[PDB]
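The chain below stands alone and is given as structure tokens, in the form deposited in one PDB entry.
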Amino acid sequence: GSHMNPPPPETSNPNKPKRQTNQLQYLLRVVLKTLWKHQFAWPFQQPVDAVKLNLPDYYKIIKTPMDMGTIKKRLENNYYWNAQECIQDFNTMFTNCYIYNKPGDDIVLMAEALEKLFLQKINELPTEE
């Protein structure tokens, strides 16, 4: 896309050790699957295109971008070593939204609905085996 958007977060790096865990499998098959199909998922299914949205300050304010398209790639391409890394990515995505946008803006209500579902699912994250 535009040279004015940053490169997306890393999704592939052979130097980073990878592992499948039951908790990572749950994050893909339960957590990502649940949030991805939500009515309000669409603004979070890819990196924020600050050029198209006419938000030239977006990447001035948000220095740790994350989105569910990136997370889906990271889970599908086994990028992670543990569940905490992936949970951290979800939390970063929500916090980016809450930092950039006014409370009660539509995008914030959409993030909050996805976060409520996320919390319910993560409370049920299985014991690591």
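Take the two forms, find the largest set of C-alpha atoms that superpose within 1.5 Å, and that set is the rigid core. Counting begins at 1, following the sequence as shown.
Chemist: Between 9-17 and 110-118, which has the larger RMS C-alpha deviation from this form in 7 other deposited structures of this protein after core superposition?
Modeler: This comes out as 9-17, the stretch further from the shown form in 7 other deposited structures of this protein.
Chemist: Between 65-73 and 31-39, point out the one with the higher average CA B-factor as the PDB entry records it.
Modeler: Result of the comparison: 31-39.
Chemist: On average, which has the higher Cα B-factor in the deposited entry, 86-94 or 99-107?
Modeler: If you average the C-alpha B-factors of 86-94 and of 99-107, the larger mean comes out for 99-107.
Chemist: Splitting the chain's C-alpha B-factors into thirds, which one does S12 fall into?
Modeler: It falls in the top third of the chain.
Chemist: Ordered by C-alpha B-factor within the chain, which third holds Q25? Give me lowest, middle or highest, please.
Modeler: Middle third.
We do not show the form deposited with a partner chain bound, though everything after this point is about it.
Chemist: Using heavy atoms and a 4.5 Å limit, would one call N54 a contact residue for its partner chain in the deposited bound form?
Modeler: Result yes; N54 sits at the interface with its partner chain in the deposited bound form.
Chemist: Quick one: does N101 come within 4.5 Å of its partner chain in the deposited bound form, counting heavy atoms only?
Modeler: Judged by the heavy-atom cut-off of 4.5 Å, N101 is in contact with its partner chain in the deposited bound form.
Chemist: Hey, in the deposited bound form, is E10 touching its partner chain, heavy atoms inside 4.5 Å?
Modeler: So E10 does not count as contacting its partner chain.
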